[PDB]
Amino acid sequence: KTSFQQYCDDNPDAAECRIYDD
Amino acid sequence: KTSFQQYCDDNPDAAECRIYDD
Amino acid sequence: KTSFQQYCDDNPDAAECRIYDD
Amino acid sequence: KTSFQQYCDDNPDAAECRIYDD
Amino acid sequence: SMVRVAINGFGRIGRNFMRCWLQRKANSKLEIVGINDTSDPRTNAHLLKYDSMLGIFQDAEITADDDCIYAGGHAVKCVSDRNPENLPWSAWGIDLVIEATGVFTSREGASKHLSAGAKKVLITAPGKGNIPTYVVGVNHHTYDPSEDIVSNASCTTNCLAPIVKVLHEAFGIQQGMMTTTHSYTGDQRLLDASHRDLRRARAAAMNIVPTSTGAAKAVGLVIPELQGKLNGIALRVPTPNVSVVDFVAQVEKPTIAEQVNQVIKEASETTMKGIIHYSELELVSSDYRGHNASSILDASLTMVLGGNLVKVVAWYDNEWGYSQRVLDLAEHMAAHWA
Amino acid sequence: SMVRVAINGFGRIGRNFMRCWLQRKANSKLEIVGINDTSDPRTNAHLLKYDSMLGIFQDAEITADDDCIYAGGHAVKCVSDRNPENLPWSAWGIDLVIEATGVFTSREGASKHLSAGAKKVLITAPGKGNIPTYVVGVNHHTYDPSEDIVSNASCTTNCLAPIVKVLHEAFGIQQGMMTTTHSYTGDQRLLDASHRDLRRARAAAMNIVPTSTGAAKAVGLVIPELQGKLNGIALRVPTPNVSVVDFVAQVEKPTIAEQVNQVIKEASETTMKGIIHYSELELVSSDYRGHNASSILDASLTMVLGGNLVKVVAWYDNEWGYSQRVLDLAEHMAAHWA
Amino acid sequence: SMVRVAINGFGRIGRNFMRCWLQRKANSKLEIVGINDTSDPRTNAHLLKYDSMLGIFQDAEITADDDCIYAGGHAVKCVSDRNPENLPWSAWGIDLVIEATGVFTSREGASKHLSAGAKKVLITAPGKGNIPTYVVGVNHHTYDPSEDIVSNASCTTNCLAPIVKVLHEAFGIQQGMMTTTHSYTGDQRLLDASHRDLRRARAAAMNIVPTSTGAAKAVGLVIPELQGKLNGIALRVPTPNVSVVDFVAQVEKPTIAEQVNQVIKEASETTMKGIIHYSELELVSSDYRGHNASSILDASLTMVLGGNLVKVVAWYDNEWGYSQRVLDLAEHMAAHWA
Amino acid sequence: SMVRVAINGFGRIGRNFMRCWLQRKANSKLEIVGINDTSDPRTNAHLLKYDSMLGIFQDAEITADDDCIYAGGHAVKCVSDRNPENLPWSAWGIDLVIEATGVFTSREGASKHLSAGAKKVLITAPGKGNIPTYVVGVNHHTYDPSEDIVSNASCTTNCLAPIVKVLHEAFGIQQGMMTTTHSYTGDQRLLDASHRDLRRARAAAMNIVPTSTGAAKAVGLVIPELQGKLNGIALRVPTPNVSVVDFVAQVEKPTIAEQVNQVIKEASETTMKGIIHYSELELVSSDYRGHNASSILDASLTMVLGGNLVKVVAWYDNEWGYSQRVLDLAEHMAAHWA
Ligand SMILES: NC(=O)c1ccc[n+]([C@@H]2O[C@H](COP(=O)([O-])OP(=O)(O)OC[C@H]3O[C@@H](n4cnc5c(N)ncnc54)[C@H](O)[C@@H]3O)[C@@H](O)[C@H]2O)c1
Ligand SMILES: NC(=O)c1ccc[n+]([C@@H]2O[C@H](COP(=O)([O-])OP(=O)(O)OC[C@H]3O[C@@H](n4cnc5c(N)ncnc54)[C@H](O)[C@@H]3O)[C@@H](O)[C@H]2O)c1
Ligand SMILES: NC(=O)c1ccc[n+]([C@@H]2O[C@H](COP(=O)([O-])OP(=O)(O)OC[C@H]3O[C@@H](n4cnc5c(N)ncnc54)[C@H](O)[C@@H]3O)[C@@H](O)[C@H]2O)c1
Ligand SMILES: NC(=O)c1ccc[n+]([C@@H]2O[C@H](COP(=O)([O-])OP(=O)(O)OC[C@H]3O[C@@H](n4cnc5c(N)ncnc54)[C@H](O)[C@@H]3O)[C@@H](O)[C@H]2O)c1
């Protein structure tokens, strides 16, 4: 994992990570 | 001190926390 | 013709009248 | 006096002419 | 007897005014009986009912035929003639015209309604020339029932003048500067396009657009002591409604932010009740949609420097709040009608 | 020698066209010598130079006096008459009029320019009635040099028709439906206001606004095999420029998304080079500002179901890309002049 | 007695849901007793009361202290822990969690609420993995009372699925493609900024932004006959709420636009009453703010080609309409509780 | 030897700064060799190239691999750690960190970069506490090369301070009030959502949003004579870039609008060349995208009352103009580096 991939696993609600299936 | 206050101390770049002095 | 229909015949470029087929 | 000036005298409500003092 | 009203120009102000009256109809001395506008009754009824800012009109059914619109079965006759001299004002027995087109703001222009038979004209805009100008809550009690043409000033003047009156009576205003950060209005173009004013030419929802304004100077018409002592500008921004006045004044009596706020709060509870609202809440422009006050002081923004340089900031719903004031002025004229 | 051009209507398309020509004039058979517009030279020059979408014009100095605008020393005569029959086309030696007002799209209307002295008219919009219609890259080589009034179709037709032609020749289009999610344009009102079209009446930067469109049916004019086989709609949304077409076709030859993309990519490199661009990048509308292609296929969005139901999605700069095609068509006419 | 509810994630859906319940609580089997969110009670109460889309909450007073928010005297306990395993669901006697954070959509994630003491979880989003999915009006009667984690699907699935069910039962859907022109949502960035999705990274109010969507494929979860037969995409546009789905279907029984409209109208009056509304009015997105239907068919936009290629277009308030359906599903679970 | 630069925080300012340097690279004493950011190199390269405000980067090819981004084949190493104490500054030989995250603006926070091995830190924001603060063109010649942490102030302070310096030296500023009508920035939420600041919580593209600001007080740091004599506020509005300062000052020497404009014009041609631009044109915010000045005086808006109350209005590109100043300050530090 990259640091970015790990960050989104730990903080899926972070602004860089949110995916809402509209 | 509240949980929200601790959250913003720990994550000042979080979307709920950012204060840019424009 | 109504007054409005006559107005748009006389002024097709008026704001109340413009129809651009996008 | 120009044609544009006469147009706005004759049609002050035209889109090219409206001046609302906000 | 009801005062018979015709609306000339069924635009943002004409339709906001109509909705204001429909909600206040039970207590009204006015009866809206006619509309003149560039468009036809079916279009007018559609736009009265379906409003991007106000929502769908809830209080009564709105319908139309070839000749009239109906609001709760009450008929409003419609005509479409851009020359007021041709309008059927005598034939319809019109007492008062609400002049809301934006284009008959001079005495010569507004008087065309008198020629067509109306008894009085209320211009929903600053007058050009020697037209008596009123701000409800500031000088409307000076209205003379013999006047045939009056102006209700602008939205911005209606927001600024009550605040100025309170500050002047408490501290003595020596000079003052204003900027209104104002929602875009229908005189601006949607995309860059020809206009005799090069800034109104520019795409309204894409830009901050400066315009000159007479709104601050006009406060001197309704507070004559301050003639020539006020000036300002407008910045139109990409919101469709709700505006804010920022006023910076030099005052005679030294003060501090807390006192400035207390004076305005006290007035809002007493002499300016219903005209000024005092807010200590941290709100934003959308929250003031539909507010009935002429001015909502944002108390958190008040500041003073050196005792004598005072900044206050006040919100206003430029469509709805102003239209409430148009209706208030018209009801005042009706109450004093000979 | 040079074909002398007048622009009638110095609006979004008229000014984009002028800027396209100013950048390409070194290889041009056209000389823009005149402009007719509602406004005066000062306003025309200001809006040509300062553009909310294109930015400040970089390539040459733009000035004006009472009679002309000037672009890098090139003088362009100006007139302001909304009746084309009165225009000075004989006196100015005008060969070709670019008809960009939006209001002279019938043969009767456009022919007023011929009565005034022009030799040909190129309408920057679909024609109304029996007007030959061209899309560069699709059928412009069929231009008949004896024609006096032609149409360059619409922005949406220029985006859709090249893609449809490629898909039809590869797979056989039996039927197709289109929706364009389109930037707002100057026919819509800034705030809710009178309009003969009740959806165009509504505040453009606040709403998704459906409108009917002839763009899909007009593909049948430039690809005659497909007459009657296409239909669709427009949804105007709160962006000021750049649009996207979504096209769902029923095709005869069964296929899959990878093959649809391969066919369009191959065309973009050969038969449709400069007309269709093929993109595998994850971009958004702003990134296509100023793109010179008529259609940019967003390859990541292609999908197929059941072999025969194909969806493709293509971007287009509806102001700039379309104006590049107007210039291409005008140059083609100038090179085949009779 | 009452099913005790906690909201996890007091965002757009969490707060819309709360307002839906506050308006419907007189007939409810639910009692909202707790909220968990990143922020504190003061912030929760402020945003519940003051809403840029819904306006100021009218029905009851909204206040807060350090521990709770209060809606018309009803106290709602508040906590702030982003790890659901730590939440006080046992201590508060929580029966049902409304999972509205957007981040606990797998069974593993949502089950953390069960470990903390809750009995069931309703995810306000498509589930990831093997989670039973319901659309009220389509398959909610199939609810199995033994299920502990369920999904209410997405806003777009709730709009599309009812229309698809009606069209499938009348004409037989063989394949279908969807595009939603959708208001921007909180997963997009305000200005270009880091995001694992390169299109969601881009300035949301400035751009048309394509995103993939599972909404069409998810219709196959609630209408199992159609598994694998639907696909589509989303285009996010610069409006803050209200969306529209464009659906192009290949159907077995040949038809025409008038018959498609008649079938949907009949369903809207009977089997789909309250779920599909049928509109013949020429409206725009703002007019559908606050609509309670899952789908509003815009009948003027229906078209058919060649008998089998059907296009329908339907509006939906993606915040409020969807939240009404979340409440409907929660009430259904409460009435079938085990 | 080049001064080796790392950017901490590759956001709007970090990426504007990078583009400013790439365009000015030939004359630079700086070499940008590293980036730390929350995201990965491929995302950073994509956002550097594709910008909703600046357009596609034209001057050099931008690519990326797992470890670096490349601009014209020149490698910039990338890392992703939100704790600056862990950053590889000694390992990369970093001389100067551009601190552009918004979160390390105190001496304790910025000093974490020094602990990690960097020699100096330039904070792209007002400092908290005893951090020396510079505005290029106002006090940057007071920079002491022994200072290890400096602040370049805010965009608003960089716009206001040059104007204040010119007005103070010409007329003597006694007190002054400011309002900035400012484009929204990345600290505001896209839709109403949790925030410790209740106004930044609100939907940024839908509202006029007041915020407190230290920008006016900060002018007293760079013009020490005016410490305590200036205050103001901010109104964030729905434009994505470009802002305007409105400044109202009490001055000692009586003046008139014409003299105020002439003094600023003279400074813009001499002592403030490149920092203040003087404009007599009637432009709007979009026209100032990419302007390199810190302040563009809009001369048409200047007004004076009673000799001593002065209003001036100045535009600024808050992203690009400010980033030009960050680069100017960094180049100044490099020119004086021991
Ligand atoms: N919108 C505001 O915030 C606001 C506030 C206060 C005052 N005003 C003033 O009210 C006036 C109207 O503003 P608005 O915002 O309603 O504008 P608008 O453009 O929405 O409405 C003007 C209406 O008058 C019609 N009209 C124009 N010329 C006409 C003519 N010759 N005969 C009949 N009808 C005609 C137009 O078709 C339109 O329906 C202006 O003077 C404006 O300055 C506006
Ligand atoms: N904007 C687009 O995306 C686009 C794309 C393709 C085609 N078109 C078509 O091009 C045409 C113009 O569109 P636009 O967006 O440039 O509109 P616009 O409103 O920006 O420009 C029209 C111009 O013509 C002027 N005008 C109107 N009536 C006139 C008259 N009688 N005489 C002289 N000048 C007159 C107006 O003042 C204005 O300057 C329309 O037919 C439109 O459908 C527009
Ligand atoms: N907005 C819509 O139109 C819409 C419609 C249907 C479904 N949805 C779905 O609903 C969900 C929420 O969407 P939204 O628009 O309300 O988003 P939002 O960002 O407005 O709300 C999310 C809320 O959850 C909070 N949160 C995030 N992580 C948390 C955690 N670990 N613990 C506690 N609280 C946390 C956030 O602070 C925020 O208040 C998403 O799955 C979305 O796809 C949204
Ligand atoms: N945007 C403007 O107009 C402007 C003008 C002048 C100054 N500023 C100031 O510049 C600073 C940044 O503003 P911006 O507009 O670029 O904001 P932004 O949100 O676009 O950029 C901040 C960047 O820093 C990253 N980041 C946050 N925390 C981090 C950490 N701990 N480690 C590494 N990276 C981190 C973010 O992911 C983002 O890429 C703020 O202090 C702001 O006040 C902004």
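The record names X-ray crystallography as the way this model was obtained, at a resolution of 1.320 Å.

(A) Quick peek at the site of ligand 4. Near ligand 4, the surroundings consist of 23 residues, among which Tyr20 of chain B together with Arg12, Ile13, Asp37 and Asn318 of chain H are the closest. With respect to ligand 4, its neighbouring residues span chains A, B and H. Between ligand 4 and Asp37 of chain H, the relevant distance is 2.8 Å, taken from an oxygen atom to a side-chain nitrogen or oxygen of the residue. With respect to ligand 4, the backbone of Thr124 of chain H contributes an N or O atom lying 3.2 Å from an oxygen atom.

(B) Region of interest: the domain arrangement of chain E. Residues and elements named next belong to chain E. The assigned domain composition of chain E is domain 1 (1–153 + 319–338) and domain 2 (154–318). Here the C-alpha centre of domain 2 lies 25 Å away from the C-alpha centre of domain 1. Counting residues at the interface gives 18 residues for domain 1 and 23 residues for domain 2. Carbon and sulfur atoms make up 58% of the surface buried where domain 1 meets domain 2, a total of about 1600 Å² over both sides. Considering only the surface of domain 1 that becomes buried against domain 2, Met53, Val138 and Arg325 emerge as the three largest contributors, covering 35% of it. The interface formed by domain 1 and domain 2 includes zero salt bridges. In this structure, the connection of domain 1 to domain 2 is made through 10 residue pairs in polar contact.

(C) How the structure looks around the relation of the copies chain E and chain H. Placing chain E over chain H gives an RMSD of 0.0 Å and needs a rotation angle of 180 degrees, together with 0.0 Å of translation along the axis. Each copy turns onto its partner about a two-fold axis. Proximity to the rotation axis, assessed at the C-alpha, singles out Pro238 of chain E in chain E; its C-alpha lies 2.8 Å from the axis. When the interface residues of chain E are mapped onto chain H, 100% of them again fall at the interface, so both copies present the same face.

(D) Here's a closer look at the interface of chain E and chain H. Listed by partner, the interface residues are 48 residues for chain E and 48 residues for chain H. Together, the buried faces of chain E and chain H total about 4000 Å²; carbon and sulfur atoms form 65% of this surface. Ranking the residues of chain E by area buried against chain H places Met177, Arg199 and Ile208 of chain E at the top, with a combined share of 18%. Linking chain E to chain H there are four salt bridges. For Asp287 of chain H, the salt bridge goes to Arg202 of chain E, with nearest N and O atoms at 2.8 Å. Our count for the contact surface shared by chain E and chain H stands at 19 residue pairs in polar contact.

(E) Looking closely at the side chain of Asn158 of chain E. Residue and element names in this part refer to chain E. Positionally, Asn158 belongs in helix α4 (residues 155–171). What makes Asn158 buried here is its relative accessible area of 2%. A polar contact of 2.9 Å, which involves the side chain of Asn158, links it to the backbone oxygen of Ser154. Aside from chain neighbours lying at most four places away, what touches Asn158 is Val135, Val136, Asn152, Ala153, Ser294, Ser295, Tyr322 and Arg325.

(F) Quick peek at the packing of aromatic side chains. Scanning the entire structure with this criterion turns up 12 aromatic pairs over all chains. Taking NZ or CZ as reference, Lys120 of chain H lies 5.4 Å from the ring centre of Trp337 of chain H, over its face.

(G) A look at the UniProt feature "binding site: Mg(2+) 3" (unreviewed entry) in chain E. Under the feature "binding site: Mg(2+) 3" (unreviewed entry), the UniProt entry names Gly306 and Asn308 of chain E. Counting through the fold element by element, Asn308 of chain E comes out in the loop between β15 (303–305) and β16 (309–316). Accessibility expressed as a relative area gives 22% for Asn308 of chain E, which makes it partly exposed. Not counting residues up to four positions away in its chain, the partners in contact with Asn308 of chain E are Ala249, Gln250, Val251, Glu252, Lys253 and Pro254 of chain E together with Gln250 of chain H.

(H) Spotlight on the sheet that holds strand β1 (residues 3–8) of chain E. Residues and elements named next belong to chain E. The eight strands lie next to each other as β3-β4-β5-β2-β1-β6-β7-β8, forming an open sheet whose pairing is mixed. Each edge of the sheet is formed by a strand with only one pairing partner; in this case those strands are β3 (62–64) and β8 (149–151). Across this sheet, the average inter-strand angle for adjacent strands is 25 degrees, counted without regard to direction. Across six bridges, β1 lies against strand β2 (residues 30–36) in parallel orientation. Bridge pairing in β2 links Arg4 to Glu31. The sheet contacts of helix α2 (residues 41–49) involve β2, β3, β4 (68–71) and β5 (74–79), and relative to β3 the element is tilted by about 170 degrees. Contacting β1, β6 (96–99), β7 (120–123) and β8, helix α3 (residues 107–115) crosses the sheet at an angle of about 135 degrees to β7.

(I) Main features of helix α2 (residues 41–49) of chain H. Along α2 of chain H, seven of the nine residues are buried, which leaves the element largely enclosed by surrounding structure. Three or more residues of α2 of chain H are buried, namely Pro41, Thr43, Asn44, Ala45, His46, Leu47 and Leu48 of chain H. Close packing links the buried residues of α2 of chain H with α1 (3–10) of chain A together with α1 (12–23), β2 (30–36), β3 (62–64), β4 (68–71) and β5 (74–79) of chain H. Where α2 of chain H begins, the side chain of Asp40 of chain H points an oxygen toward the backbone nitrogen of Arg42 of chain H, at a separation of 3.1 Å.

(J) Main features of the UniProt feature "active site" (unreviewed entry) in chain E. Mapped onto this numbering, the UniProt entry gives "active site" (unreviewed entry) at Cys155 of chain E. For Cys155 of chain E, the position within the fold is in helix α4. Once you skip the residues sitting within four places of it in the chain, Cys155 of chain E turns out to touch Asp22 of chain D together with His182, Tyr316, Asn318 and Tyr322 of chain E.

(K) Representation of the relation of the copies chain F and chain H within the structure. When chain F is fitted to chain H, the best match, at an RMSD of 0.3 Å, comes from turning it 179 degrees and sliding it 0.0 Å along the axis. Looking at chain F, 92% of its interface residues are interface residues in chain H too, so the copies touch through the same face.

(L) Here's a closer look at the interface of chain F and chain H. Across the boundary between the two partners, chain F contributes 13 residues, which contact 12 residues of chain H. Where chain F abuts chain H, roughly 970 Å² becomes buried across the two surfaces, and 46% of that area is made up of carbon and sulfur atoms. Contact with chain H buries area across many residues of chain F, yet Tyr50, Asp287 and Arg289 of chain F alone supply 41% of it, more than any other trio. Viewed at the interface, chain H and chain F are joined by one salt bridge. In this structure, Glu282 of chain H engages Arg42 of chain F in a salt bridge whose closest nitrogen and oxygen atoms are separated by 3.9 Å.

(M) Quick peek at the state of the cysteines. The tally for this structure, following the rule as stated, stands at four disulfides over all chains. The disulfide that involves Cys8 of chain B links it to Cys17 of chain B, with 2.1 Å between the sulfurs. Its torsion about the S-S bond being -80 degrees, the disulfide of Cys8 of chain B and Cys17 of chain B is classed as left-handed. Each member of the pair, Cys8 of chain B as well as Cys17 of chain B, is classed as buried. Looking at the unpaired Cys68 of chain G, the closest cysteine sulfur is the one in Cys78 of chain G, lying at 6.3 Å.

Here is what the cut-offs are and how they apply
- Residues numbered from 1 in each chain as written, not as in the entry; some residues may be left out.
- Chains lettered and ligands numbered in written order.
- Heavy atoms only, no water.
- Near = heavy atom within 4 Å.
- Polar contact = N/O pair within 3.5 Å; in protein donor to acceptor, adjacent residues only side chain to side chain.
- Domains from an automatic or database assignment.
- Contact = heavy atoms within 4.5 Å.
- Buried area = accessible area lost by both parts, 1.4 Å probe.
- Salt bridge = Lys/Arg side-chain N within 4 Å of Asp/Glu carboxyl O.
- Least-squares fit on C-alpha atoms.
- Helix = DSSP H or I, 4+ residues; strand = E, 2+ residues; numbered from the N terminus.
- Buried < 20%, exposed > 50% of the residue type's maximum accessible area, 1.4 Å probe, protein only.
- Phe/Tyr/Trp six-rings, centres within 6.5 Å; stacked < 30°, edge-to-face > 60°.
- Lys NZ or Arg CZ within 6 Å of the ring centre and 35° of its normal.
- UniProt positions renumbered as here; feature names shortened; annotations may be inferred.
- Pairing = 2+ DSSP bridges.
- Axes fitted to C-alpha atoms, helices over the stretch in contact; angles between N-to-C directions.
- Disulfide = S-S within 2.5 Å.

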